[PDB]
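FYI, side chains are in, hydrogens and waters are out, and symmetry mates aren't considered; it's all heavy atoms of this structure. Throughout, a chain's letter reflects where its sequence line sits, starting with A, and its residues are numbered from 1.
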Amino acid sequence: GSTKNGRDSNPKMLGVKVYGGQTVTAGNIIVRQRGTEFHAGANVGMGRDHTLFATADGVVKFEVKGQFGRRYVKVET
Amino acid sequence: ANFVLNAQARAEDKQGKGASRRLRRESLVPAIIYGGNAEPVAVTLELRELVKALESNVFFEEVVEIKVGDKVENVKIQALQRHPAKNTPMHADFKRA
Amino acid sequence: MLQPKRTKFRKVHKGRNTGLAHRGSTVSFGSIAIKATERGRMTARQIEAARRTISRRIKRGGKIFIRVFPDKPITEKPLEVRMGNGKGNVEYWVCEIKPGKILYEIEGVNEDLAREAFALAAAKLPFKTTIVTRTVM
Amino acid sequence: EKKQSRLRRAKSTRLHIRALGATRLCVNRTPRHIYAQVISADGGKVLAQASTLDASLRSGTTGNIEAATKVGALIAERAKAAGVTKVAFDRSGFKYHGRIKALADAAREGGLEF
Amino acid sequence: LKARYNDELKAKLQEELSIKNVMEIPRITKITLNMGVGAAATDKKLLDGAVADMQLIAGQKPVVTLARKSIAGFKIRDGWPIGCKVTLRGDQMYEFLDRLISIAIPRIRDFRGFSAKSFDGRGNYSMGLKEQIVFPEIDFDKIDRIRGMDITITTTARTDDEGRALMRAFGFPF
RNA sequence: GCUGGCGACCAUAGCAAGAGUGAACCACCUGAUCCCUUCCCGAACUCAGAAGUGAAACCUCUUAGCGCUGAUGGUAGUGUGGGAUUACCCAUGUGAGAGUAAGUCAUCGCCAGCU
RNA sequence: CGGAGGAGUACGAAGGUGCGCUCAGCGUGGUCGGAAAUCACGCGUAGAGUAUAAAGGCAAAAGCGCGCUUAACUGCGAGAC
């Protein structure tokens with residue numbers, strides 16, 4: 001006989017690009033995510049595909065905040 | 001009075017996985033004593049004496065005296081870890097009475 | 001032969017059997033029990049045969065508690081077949097056994113008769129075993 | 001519950017104002033009194049306050065469009081001294097109409113830009 | 001009711017129930033009328049007849065109620081409406097309990113149809129009224145086949161004894 | 001001392017039970033004249049005033065009843081080197097989860113009002 | 001030539017904006033309507049939904065409704081994957 005499986009999609013290369021304590025310039029992408037695993041904070045923008053990017057020069061920082069416990073990523077100038 | 005278990009001080013250098021395995025090879029069982037008004041105390045007891053105490057049923061519902069040096073600690077048995085296969089004792093907790 | 005009524009997946013990976021059975025090593029449904037001391041696999045037919053042997057000698061005078069269930073499917077290739085062309089077909093179910101795992105408990109029977117029944121049952125199993133009794137701690 | 005509904009309605013506007021980082025002109029309506037506040041972007045410092053409970057307007061009805069207009073004039077007067085020019089209005093979950101509308105119009109007449 | 005209620009029945013309800021605070025007196029909050037035309041999609045006109053009759057009986061425009069979810073057993077699904085209802089408060093509800101207790105009760109074929117029991121347990125009382133005849137309205141001629149009615153009374157009563165006391169003060173038969 | 005509004009945290013902060021407040025504030029409460037509203041309803045939204053109330057709700061204080069936080073010791077796992085090959089042992093570094101003792105009825109900012 | 005499923009589309013609203021609203025499930029009463037139709041109150045709680053397979057997500061809801069509309073524009077584009 002023959003198997004009816006044997007298919008998979010191409011890789012997408014999702015994940016974090018800039019970690020905490022790193023210096024970034026305006027426009028740098030910080031996180032690539034299929035959903036909102038991380039939420040934008042101060043000086044961080046959100047794209048149509050949920051990508052997070054920097055809107056100002058500074059240093060990246062990660063935190064946990066809010067009632068829901070949402071993880072946030074921000075940039076400190 | 002019935003149950004008087006001898007013990008020795010177990011310092012920091014005698015704590016951890018390697019030291020515990022060495023003690024069990026030397027036929028000693030580590031144990032901990034905790035309770036109100038005093039900090040936890042780590043001791044080492046003898047396997048034969050602990051087993052003989054274990055055979056007795058009243059040992060679980062009566063008070064027992066652990067002696068290390070001149071110090072005496074009056075406690076009750078709270079927990080007992082056993083090897084899942086051989087069933088030999090491996091560790092003990094004692095609540096100050 | 002005991003078998004799951006339903007499952008999410010028909011076929012599962014082989015895996016590896018390591019470690020000890022910290023859970024399920026205590027007597028909780030009876031006074032006397034049989035406990036494994038070396039790791040292995042135990043099949044549904046072996047479970048049934050051991051249960052039958054124990055029940056016959058105890059003369060159905062007490063309760064037998066079975067704490068092993070064959071939940072893991074195992075496949076086999078047809079025969080006279082070359083390598084390749086997909087995974088084989090499910091053929092029987094097993095239960096992984098780690099040292100210290102309890103297999104059968106007996107309640108409401110004399111200790112000597114229960115020990116004799118366990119001795120009869122042990123001759124059917126593929127691993128070493130011992131007998132344990134309930135303890136306070 | 002009415003207050004919970006009002007807060008849930010006002011939360012979106014408050015969050016957007018915080019994201020925009022603009023000075024906030026907050027208001028509160030009550031059957032008896034109306035209050036107004038002007039808060040900085042950080043949200044921890046109240047730049048300029050006003051209310052109908054002040055001595056000048058206490059003797060009045062304090063619960064109508066005239067009181068709202070007086071409060072708006074007073075808050076605009078205080079804001080001009082404070083030195084804030086550009087502000088963002090915040091209805092705080094109250095429909096922009098009637099007393100709120102009159103208060104906002106009075107502030108605009110006073111000079112606050114929004 | 002109306003002024004007579006507010007003037008006299010509040011006072012005797014306070015006296016009868018022996019409640020310290022005046023606000024604790026039970027108050028009628030609303031009455032809801034509900035009627036459903038099952039399988040309306042089949043003929044597509046019983047619904048129009050029903051809304052016309054409801055508008056005639058009550059001085060309020062009824063709202064057509066859509067179905068939620070789809071049920072295979074019946075022909076209904078979320079698409080088309082299946083029933084209508086109205087909610088009455090204020091002077092409207094007052095004149096409503098009024099003319100009901102006035103004209104409808106002497107004419108009911110079987111008196112005491114309303115029962116002391118059947119209360120929901122929270123102080124609210126539900127009644128079912130058979131046929132859309134049995135009110136002051138147009139006669140059998142010039143109207144569509146007969147239809148049922150459901151009325152529900154919600155008050156401020158905190159329990160069944162308070163509710164029954166309120167209905168007895170109003171004049172409910174049972 | 002006490003009320004309202006705007007803030008930093010998000011259960012050691014929450015849920016449940018009990019007690020109290022209206023002098024000022026909050027809420028309920030009155031009506032459909034003017035503004036506004038209901039896929040029908042002054043139920044919501046909006047307006048004009050205040051006859052009474054703390055009933056409901058809000059706020060404050062207490063209970064650990066729940067919920068939640070949580071040691072120590074031990075165990076599992078694991079990087080490097082060595083010995084074995086049912087997956088373990090020794091040297092060294094590292095070290096959970098669960099469970100136990102114990103703990104928890106939060107806390108800190110800005111503005112306005114009253115006795 | 002390992003295990004298990006989808007795709008070769010749909011939508012001038014199923015897009016934009018302003019405003020507004022929360023699901024599903026159970027417990028009590030009522031017409032020919034009862035396991036299961038519509039309606040009133042109460043209990044715990046996202047298990048509802050998101051045009052479509054699954055994953056990651058969704059309270060300022062990304063879920064649901066109404067009014068007005070065409071940014072489903074033109075010329076670009078610091079800086080990043």
Original post:
Looking at the six-ring of each base, are F/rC29 and F/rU30 less than 5.5 angstrom apart at the centres and less than 30 degrees apart in plane?
Top reply: no
Taking only the side-chain nitrogens and oxygens of [X], find out if one of them lies under 4.0 Å from OP1 or OP2 of [N].
| X | N | answer |
| --- | --- | --- |
| A/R32 | G/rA80 | no |
| D/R18 | G/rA60 | no |
| E/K130 | G/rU31 | yes |
| A/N5 | G/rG2 | no |
| D/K3 | F/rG5 | yes |

Would [N] and [M] qualify as a Watson-Crick or G-U pair, given that each of the two distances needs to be less than 3.5 Å?
| N | M | answer |
| --- | --- | --- |
| G/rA14 | G/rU70 | no |
| F/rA48 | F/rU30 | yes |
| F/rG65 | F/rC15 | yes |

**OP:** For residues E/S118 and E/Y125, report the shortest heavy-atom separation together with the two atoms involved.
**Re:** OG-CE1, 3.3 Å
Given the sign of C1'-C2'-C3'-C4', the sugar pucker at [N]:
| N | answer |
| --- | --- |
| G/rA13 | south |
| G/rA7 | north |
| G/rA54 | north |
| F/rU38 | south |
| G/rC58 | north |

**OP:** Please check if any side-chain donor atom of A/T55 sits under 3.5 Å from a side-chain acceptor atom of A/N43, or the reverse.
**Re:** no
Original post:
Do D/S40 and D/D42 get their side chains close enough for a donor-acceptor pair, meaning under 3.5 Å?
Top reply: yes
**OP:** Look only at the side chain of B/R10 and the backbone of B/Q15, and say whether a donor-acceptor pair between them is shorter than 3.5 Å.
**Re:** no
**OP:** Any strand is fair game: report the nucleotide pairing with F/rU78 by Watson-Crick or G-U wobble, both distances under 3.5 Å, or none.
**Re:** F/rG93
Original post:
So what does B/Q15 touch, heavy atoms closer than 4.0 Å: a base, only the sugar-phosphate, or nothing?
Top reply: sugar-phosphate
**OP:** Report which part of the nucleic acid A/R7 touches: base, sugar-phosphate, or nothing (heavy-atom distance under 4.0 Å, all strands).
**Re:** base
Original post:
In whole Å, what is the span from the CZ atom of D/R32 to the P atom of F/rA50?
Top reply: 8 Å
